[PDB]
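*Asks:*
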Amino acid sequence: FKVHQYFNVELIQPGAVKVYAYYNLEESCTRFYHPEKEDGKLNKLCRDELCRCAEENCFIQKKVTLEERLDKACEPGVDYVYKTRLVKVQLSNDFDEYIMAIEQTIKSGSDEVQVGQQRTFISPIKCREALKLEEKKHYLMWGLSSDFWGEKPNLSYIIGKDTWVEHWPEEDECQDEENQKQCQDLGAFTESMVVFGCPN
Amino acid sequence: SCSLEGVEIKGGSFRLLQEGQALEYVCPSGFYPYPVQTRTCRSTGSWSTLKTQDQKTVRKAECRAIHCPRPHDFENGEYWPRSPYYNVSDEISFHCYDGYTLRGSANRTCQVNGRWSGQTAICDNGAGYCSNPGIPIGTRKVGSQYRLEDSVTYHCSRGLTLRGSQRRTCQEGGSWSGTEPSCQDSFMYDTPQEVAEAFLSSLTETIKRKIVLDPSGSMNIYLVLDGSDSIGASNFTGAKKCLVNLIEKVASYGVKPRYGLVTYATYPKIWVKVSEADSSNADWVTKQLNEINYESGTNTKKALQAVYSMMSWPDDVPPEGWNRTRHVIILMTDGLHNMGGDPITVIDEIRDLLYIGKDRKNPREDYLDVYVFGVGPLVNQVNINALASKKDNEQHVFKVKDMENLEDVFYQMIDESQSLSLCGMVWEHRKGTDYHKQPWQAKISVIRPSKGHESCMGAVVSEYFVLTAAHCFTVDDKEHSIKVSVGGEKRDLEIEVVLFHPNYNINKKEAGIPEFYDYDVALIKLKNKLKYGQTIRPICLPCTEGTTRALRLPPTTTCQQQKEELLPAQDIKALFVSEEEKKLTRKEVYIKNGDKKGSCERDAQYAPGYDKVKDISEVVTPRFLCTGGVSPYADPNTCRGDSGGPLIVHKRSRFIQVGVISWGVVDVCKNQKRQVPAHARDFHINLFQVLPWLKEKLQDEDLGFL
Amino acid sequence: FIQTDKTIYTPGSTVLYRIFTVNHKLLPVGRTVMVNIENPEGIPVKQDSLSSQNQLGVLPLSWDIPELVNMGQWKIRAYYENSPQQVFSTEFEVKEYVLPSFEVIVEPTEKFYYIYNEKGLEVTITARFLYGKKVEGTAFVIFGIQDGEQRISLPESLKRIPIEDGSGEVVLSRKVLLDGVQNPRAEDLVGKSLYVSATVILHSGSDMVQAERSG
Amino acid sequence: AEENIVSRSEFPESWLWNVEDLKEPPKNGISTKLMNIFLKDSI
Amino acid sequence: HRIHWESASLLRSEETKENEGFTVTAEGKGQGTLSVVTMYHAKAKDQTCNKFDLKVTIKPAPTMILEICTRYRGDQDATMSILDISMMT
Ligand SMILES: *[C@@H]1O[C@H](CO)[C@@H](O[C@@H]2O[C@H](CO)[C@@H](O[C@@H]3O[C@H](CO)[C@@H](O)[C@H](O)[C@@H]3O)[C@H](O)[C@H]2NC(C)=O)[C@H](O)[C@H]1NC(C)=O
Ligand SMILES: *[C@@H]1O[C@H](CO)[C@@H](O)[C@H](O)[C@H]1NC(C)=O
Ligand SMILES: *[C@@H]1O[C@H](CO)[C@@H](O)[C@H](O)[C@H]1NC(C)=O
Ligand SMILES: *[C@@H]1O[C@H](CO)[C@@H](O)[C@H](O)[C@H]1NC(C)=O
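So the protein lines, in turn, are chains E, Y, U, P and C.
Mapping of the first sequence onto the deposited numbering: residues 1439 to 1500, 1504 to 1641, in sequence order.
Mapping of the second sequence onto the deposited numbering: residues 11 to 217, 233 to 320, 326 to 537, 539 to 705, 708 to 739, in sequence order.
109 is the number of the first residue of the third sequence in the deposited numbering; add one for each residue after it.
735 is the number of the first residue of the fourth sequence in the deposited numbering; add one for each residue after it.
Mapping of the fifth sequence onto the deposited numbering: residues 1287 to 1333, 1335 to 1349, 1361 to 1387, in sequence order.
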């Protein structure tokens, strides 16, 4: 049958259909539906036992300047400041895993970190276009302390709502006039937190 | 600094502290700032955003009335009455169902501190391995199984933070592993008295008290400080005194401990190690304690890793005394915003080195104790609680309003072992009575023929003299017509003499003024000596050696300096004791000794017999003190039966009386529970204007007069 | 007289009960009582012994239901200490349930049934909320026969009706009842009773109230 | 909106499990007892 | 624990959280019974939608339309079935 609409609503929720015999209700079959979802199933990322759904925004906004980085990087909830380079991506249906190599860490986290060990990161499929990630390029990011996910030492940093990831141009791109200011601000901010760091 | 516009508080006052780096909100009793207390002037030119629990937008900053946490649940019973919110001094009766026995306080009223008076009320049936841990107010319990190895979960409602154990597991001894949880707020602070009581109870064993150890064994203390960018002024002003007093006090229990000193701003620094030969001597450790200087951030993980290195040994086989030594870590962090990880893992390492978190047959949980003291309003209670230790019936996590309470705690701990001779000593007993909080108060009853009995009160200042008002008595009264009661005792004490000021006269009759209160003071000399008791205990007097040592100053300090310190040319905090339904309480009152004095003295025109006085200054002598009213803060008035009480200014956990209540503007006190004029003020008689008379009459009491 | 606060319980709650010890004058007396809590299998999981001295006949006891427990008819058996054969019983459910939002009653216009009715059997539906209001929804009605230790259902008499403002009107025809069984004679139904099983679903499809007027 | 407004939480299936004593002097064998109880949040 | 004839036939339950070997000592005179049972969850998760085969589809058409295809899993047809459909916002 035809289902009409009357008002445009942002971030609709999926509906469900439940079929059951008139005498027993516990032997029912509930199936969801949604125009842009698989079986009306909210996007959650799992490792066979533990989940935290990511029906949120990949990022906030991208504009951002040196003062913006200063105010949004000295937050009480930030834990690590890491620069990485994209090496391998494992595209799939449920999620995608990004494996990086660490050059050097601006800020230390509660997990054992050193130059050389591999790190994995997970994001929902909705970030496949917003962040336009590309391989063989450097990046710098900081995020919420609730990123830890997995078992030691193969933990992962989930790119959730509070996770902030920004493009770190290499030497070749830092020579471009468009990104010269961004590269200089990134270097100054890096040395700032290396020497002095956030107050308190 | 940042812009000062649009940062004030409605219904309160704002001031610039740390040279404009911060601003603090304050209102008197019954009001606390909402939703925050302080804002930080960042480098963007604007202060820190108004952050709520859900991080919402705030239209304006106001200081909201003090309410009291609602019971999130009370299983197996009822509470009476039930309200969406509970006011100050509201009372609940906790009633159990049938077959459930109550444990705790049934009649519970919650004071201005924000917690209900007494122990948490529990109804238990007693049919398990361990008992009901209780359901504290605002915290709700998950798990009705009280067998062994069963654990229960506690958590708070909206706006409340949990301090205690997130999950308690029943132990094989029959107890629960962890401290009793509670729901806390940002405005709530622990008073220094109960902090000292809990610190003594956890550290010592009651008999007096003692710090026992394993035979042929010693203990180690790790005093750790924070060099955060919050106060860090003048080489830890007060903190050094706190640590010196603690070191002196612990050595007075007959045991010689060992010490270690850690301070960190950006990297940890080692001052004393447990391996030093002279680490068991108080003199040298105090001397090095006085040699601490600044050279930012808060890197607690690295500092406690340094402490870990101190604890650890370099030998292959474990050294001697590895399982016969007790470790105490004391941390005075004002910040603890993590930078470099969390310090939980290093605590796990520390307890794994000592074989604590590996077996349950020999837990050995009592060989490591971590105490963390919270300073300032920028504290994160959950992080402190997760960093400190937790053992049942003991409190390892504290919190104070200001740095002053930090040394108030330790001065009280020093004074605890002192002889009962000195004045100002009041111990906050766990199961105290009414007079356990105000023991100096004494009540005087006057019986007159065919006339109503007159009830007044005064302060016991020695073993033979009681200071009171003089208008409560007349020269017509005989010796047999005065009765004195102390500490709620039926037995009376015979009187010997009452002394009045030579210039005092209760009869300006021709000047049109009906009543005058010049030098309205009375000194009652007792027939016998007073035996010091739990609720009978003297009070100090201004400009005395006892007052000099009370304010923690050298004996060379002058009386004028004491007057300036206790009574500056600004607003002065104090409180007066009131009686309501055979019970005693404290009402906070403020003294106006600056610009507000001249206006306040005018309010006496509202008093009876003062409307026709031509010279308003004549009736108000400089020896009077004008308090109360709504300016600059709302102050309750003294009641008709409350007149003549002692006005006392509290300082360093010491009670010093600064005057005697004389009269008031209007008698509208009974409206407090039921509408008070803004001109209602209370006038009291100062004690600094009768110093020669006090010295003359009280020269045989050995009070160290200056 | 063992009286519990409820009739049905959940795993993870508390059974509260009062034993009223009276004598043969129905008057309070002081004795000693032995109490047993038996599982649905028939073996006690807890036993206790209390005294009623200066208690005025009220013995309040309690029991905690484990979260990992067997469902069914749990029993409390209390008897006087002097009389082990004086067992008094109280059976209560343990089930995984949730509160219904309304009571449905199925009532016949004629409270009996007659073999030679030329019209049929009329039963009406009163589905009212537990606070005494009226509903709007639909209901399913089926019938059956209460034979010896069995239940025979008639899928032909499986009717659906709109509950019009807390009211219903269901008519069971004689032909359907006759075709339900394979007996040439209707008089053989004398000595057996029918049962009506109704189940009312709200227009929101929220609650699930299955009510039976057996007998 | 939904911040300064409380909700209903206490939904027990059996409460008022209490005891009471009739001690008022009799009036033709009937004693009056006026007691305050608070009905549960359940509707 | 102590077992007496008068107080026998009582369920003495000892609860344990950790999987470890146990050692019992049965002394005195008489007999007894002992049972050790571990109640837990197993990863034998099969399909539950056993008795139905509900399938749904949304298809825009030239105000999108919804289609529901159902089937009863058994050797006989089903009686009056109830189909609850919840619309979106
Ligand atoms: C507990 O304390 C509250 C607040 O102190 C009492 O509320 C009383 O009535 C209103 C309702 O909040 C309070 O607010 C003020 O009332 C004035 C009217 O005089 C009105 O213009 C505003 O709504 C204003 O906010 C009022 O302060 C308070 N009454 C008094 C005398 O302070 C409440 O009655 C107390 N008791 C209980 C059981 O809640
Ligand atoms: C609790 O207080 C009420 C009145 O405030 C009193 O009637 C009752 O006896 C008190 N309960 C005690 C003291 O146990
Ligand atoms: C703090 O101590 C340092 C060295 O210990 C000293 O130079 C400085 O003057 C002190 N600050 C004072 C006395 O205010
Ligand atoms: C400490 O450990 C040693 C290691 O063998 C042991 O001999 C000694 O008894 C222990 N001390 C105790 C248990 O008090």
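Built from N, CA and C at the ideal position, the CB exists for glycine as well.
Short of 6 Å in beta carbon distance, which residues of its chain neighbour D634/Y, apart from the five on each side in sequence? Order them along the chain.
*Replies:* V696, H712, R714
*Asks:* Measuring only from the beta carbon, is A131/Y closer than 6 Å to any heavy atom that is part of ligand 2?
*Replies:* no
*Asks:* 7 Å is my cut-off, CB to CB: does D134/Y come that close to chain P?
*Replies:* no
*Asks:* Counting by C-beta, which residues lie closer than 6 Å to a heavy atom of ligand 3, in chain order?
*Replies:* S259/Y, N260/Y, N318/Y
*Asks:* Quick one: is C486/Y buried, meaning 16 or more other Cβ sit within 10 Å of its Cβ, or exposed?
*Replies:* buried
*Asks:* May I ask you to check if the CB of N738/P is nearer than 6 Å to at least one heavy atom of ligand 1?
*Replies:* no
*Asks:* Going by beta carbon distance, what residues of the same chain come within less than 6 Å of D602/Y, once the five residues before and after it are set aside?
*Replies:* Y621
*Asks:* Secondary structure at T232/U, three-state DSSP: helix, strand or coil?
*Replies:* strand
*Asks:* Which residue comes first and which comes last in the alpha helix (DSSP H) that contains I380/Y?
*Replies:* Where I380/Y is concerned, the enclosing alpha helix (DSSP H) stretches over 374-383.
*Asks:* Excluding the 5 residues flanking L158/Y on each side, which residues of the same chain have their C-beta closer than 6 Å to its C-beta?
*Replies:* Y139, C180
*Asks:* According to a CB-to-CB cut-off of less than 9 Å, which residues of the segment 145-170 of chain U neighbour chain Y?
*Replies:* Taking 9 Å as the cut-off between beta carbons, the residues of the segment 145-170 of chain U near chain Y are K154, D156, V166, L167, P168, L169, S170, in sequence order.
*Asks:* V304/U to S261/U, Cα distance in whole Å?
*Replies:* 10 Å
*Asks:* For the segment 283-304 of chain Y, enumerate the residues whose C-beta is nearer than 9 Å to any C-beta of chain E, in chain order.
*Replies:* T291
*Asks:* With C-beta atoms as the reference, is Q65/Y less than 7 Å away from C51/Y?
*Replies:* no
*Asks:* Could you give the distance in angstroms between the alpha-carbon of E1509/E and the alpha-carbon of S53/Y?
*Replies:* 11 Å
*Asks:* Check whether the Cβ of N97/Y lies closer than 6 Å to any heavy atom of ligand 1, and answer yes or no.
*Replies:* yes
*Asks:* Checking the sheet assignment: what are the DSSP bridge partners for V275/Y?
*Replies:* The partner list for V275/Y (beta bridge, DSSP) is empty, contrary to what the question assumes.
*Asks:* Please report the Cβ distance between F495/Y and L554/Y, rounded to the nearest whole angstrom; I am assuming they are in contact, meaning their Cβ atoms lie under 8 Å.
*Replies:* 6 Å
*Asks:* Distance cutoff 7 Å, beta carbons only. Does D1340/C sit that close to anything in chain U?
*Replies:* no
*Asks:* Hey, is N117/Y close to ligand 2, as in C-beta under 6 Å from one of its heavy atoms?
*Replies:* At least one heavy atom of ligand 2 is nearer than 6 Å to the Cβ of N117/Y, so yes.
*Asks:* Please name the residue, chosen from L1381/C, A1330/C, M1385/C, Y1326/C, that lies closest to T1361/C on a Cα-to-Cα basis.
*Replies:* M1385/C
*Asks:* Using a Cβ cut-off of 7 Å (strictly closer), state whether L1297/C contacts chain U.
*Replies:* yes
*Asks:* Determine, for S748/P, whether the minimum Cβ-Cβ distance to residues of chain U falls below 7 Å.
*Replies:* yes
*Asks:* Could you give the first and the last residue of the continuous beta strand (DSSP E) run that contains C73/Y?
*Replies:* 72-75 is the extent of the beta strand (DSSP E) around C73/Y.
*Asks:* Considering just the uninterrupted stretch of the beta strand (DSSP E) at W1590/E, what are its terminal residues?
*Replies:* 1589-1592
*Asks:* According to a CB-to-CB cut-off of less than 8 Å, which residues of the segment 141-173 of chain Y neighbour chain C?
*Replies:* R157, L158, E159, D160
*Asks:* When the Cα atoms are used, what is the spatial distance from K219/U to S301/U?
*Replies:* 12 Å
*Asks:* Assign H501/Y to buried or exposed, taking buried as 16 or more other Cβ atoms, counted over all protein chains shown, within 10 Å of its Cβ.
*Replies:* buried
*Asks:* Counting only the same chain and skipping the five closest in sequence on each side, list residues whose C-beta sits under 8 Å from that of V130/U.
*Replies:* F109, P136, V137, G165
*Asks:* Quick one: measure Cβ to Cβ for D1552/E and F1497/E, integer angstroms, because I've assumed they're closer than 8 Å.
*Replies:* Incorrect: roughly 23 Å between the Cβ atoms, too far for contact.
*Asks:* State the Cα-Cα distance for the pair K1593/E and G1550/E, rounded to the nearest angstrom.
*Replies:* 14 Å
*Asks:* Would you report the Cα separation of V237/Y and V275/Y, rounded to the nearest angstrom?
*Replies:* 11 Å
*Asks:* Name the residues in the segment 109-123 of chain Y whose C-beta lies less than 8 Å from a C-beta of chain U; which are they?
*Replies:* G109, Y110
*Asks:* Would you tell me roughly how many angstroms separate the C-alpha atoms of residue 1502/E and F403/Y, rounded to the nearest one?
*Replies:* Note on chain E: numbering goes from 1500 to 1504 directly, and residue 1502/E within that interval has no coordinates.
*Asks:* Is the closest heavy atom of ligand 4 to the C-beta of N353/Y under 6 Å?
*Replies:* At least one heavy atom of ligand 4 is nearer than 6 Å to the Cβ of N353/Y, so yes.
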